[PDB]
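Before any questions on how it binds or moves, here is one chain, the form deposited in one PDB entry, in structure tokens.
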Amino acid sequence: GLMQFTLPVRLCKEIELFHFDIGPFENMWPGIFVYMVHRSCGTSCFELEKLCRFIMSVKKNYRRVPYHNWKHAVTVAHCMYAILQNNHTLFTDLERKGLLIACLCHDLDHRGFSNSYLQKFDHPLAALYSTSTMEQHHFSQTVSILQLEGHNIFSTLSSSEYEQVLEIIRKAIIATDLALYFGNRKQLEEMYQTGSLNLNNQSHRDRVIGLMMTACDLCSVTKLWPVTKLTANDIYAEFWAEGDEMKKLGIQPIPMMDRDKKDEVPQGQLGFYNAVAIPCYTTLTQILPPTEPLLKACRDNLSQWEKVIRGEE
């Protein structure tokens, strides 16, 4: 356990920042994830052999899709790292362990299609899981990999603690269902502004961790413009593919997913920042003040999309 990971000086330094890009070198991401766990949790949190073999099974079970891929998993785990390191007294030992694993696992075996498409296709996963279809599958796959021989990174926990960490991971991953985000933030907004928000109330912590999960999962919109711009291409390649598949069921897809309507994207991103991203990072900053850079960076990109619409870029 005297074996720490060290990154090159630039990554060692930039990794602490919310807007850190994990780069185009796939083979460095596992070491980036381990480095983050060792700093955020401790070198003793996870047996290195088991963690390494858990990370590569998770990697194996992410698909070669444009966006909902292994790079998204590590990118969302990093944002969670950045939140935990900037608020380090606010979270228990079990939450620091569970939430970085929850972020790595949150989109396991994603095919690049929405819960809606599964439903209209009548996918078997939609029969098994009536709401949060993909997100219940993702948790299912997380438990599957935890129960592979030699992959139980939580072996040293007690019966109680183990059940608590798997319950943290479950709620964490279910919250990545953006349909539940809108009601969760509203409740949080009320609780905060009436002064009834209480982080000793387990049902309140759940809600806050829920918002943190939405904030990490949307964190591509908190990157420097050139990263956010190029990530949007990957996100939209999935949306257009799903639109194609909708048209193949004989359903006209919403404009967002229609590749014939690419000209409507800059307005559609405006809608998304205002209705989803800005509110998310606003309420997050109100609750967790040190997370303010995510809101600042998100606003900067909103401003850059406004520029696109005016044909300034």
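Quick note: we count residues from 1 along the sequence shown, nothing fancier. Whichever C-alpha set is largest while still superposing within 1.5 Å between the two forms counts as the rigid core.
**Q** For the higher mean C-alpha B factor in the entry, choose 154-162 or 177-185.
**A** Per the PDB record, 154-162.
**Q** Tell me which stretch has the larger mean Cα B-factor in this entry, 263-271 or 37-45.
**A** Of 37-45 and 263-271, the stretch with the higher C-alpha B-factor average is 37-45.
**Q** Among 142, 201, 75, 222, where is the Cα temperature factor highest, going by the PDB entry?
**A** Out of 142, 201, 75, 222, the record gives the largest C-alpha B-factor to 201.
**Q** Can you tell me which of 228, 136, 196, 214 has the maximum CA B-factor listed in the PDB entry?
**A** That would be 196, according to the entry.
**Q** Divide the modelled residues of the chain into thirds by Cα B-factor and specify which third, lowest, middle or highest, holds residue 52.
**A** It belongs to the highest third of the chain when residues are ordered by C-alpha B-factor.
**Q** Lowest, middle or highest third: which one holds residue 71 when the chain's residues are ordered by CA B-factor from the entry?
**A** For residue 71, whose C-alpha B-factor we compare with every modelled residue in the chain, the answer is the lowest third.
**Q** Taking the C-alpha B-factors as the PDB entry records them, is residue 31 in the lowest, middle or highest third of its chain?
**A** Middle third, going by the recorded CA B-factors of the chain.
**Q** Per the entry's values, where does residue 289 land by CA temperature factor relative to the rest of its chain, in the lowest, middle or highest third?
**A** Answer is highest: the recorded C-alpha B-factor places it there.
**Q** Compare the C-alpha B factor of residue 129 with those of the other modelled residues in its chain, then answer lowest, middle or highest third.
**A** Highest third.
Another form, the form deposited in another entry, is not on view; read the next lines as being about it.
**Q** After superposing the two forms on their rigid core, pick out the one entry in 254, 48, 251, 270 with a CA shift of 2 Å or more between the shown form and the other one.
**A** C-alpha shift of at least 2 Å: 251.
**Q** Superpose on the rigid core, then tell me if the C-alpha of residue 289 is displaced by 2 angstroms or more between the shown form and the other one.
**A** Residue 289 C-alpha, core-superposed: shift of less than 2 Å.
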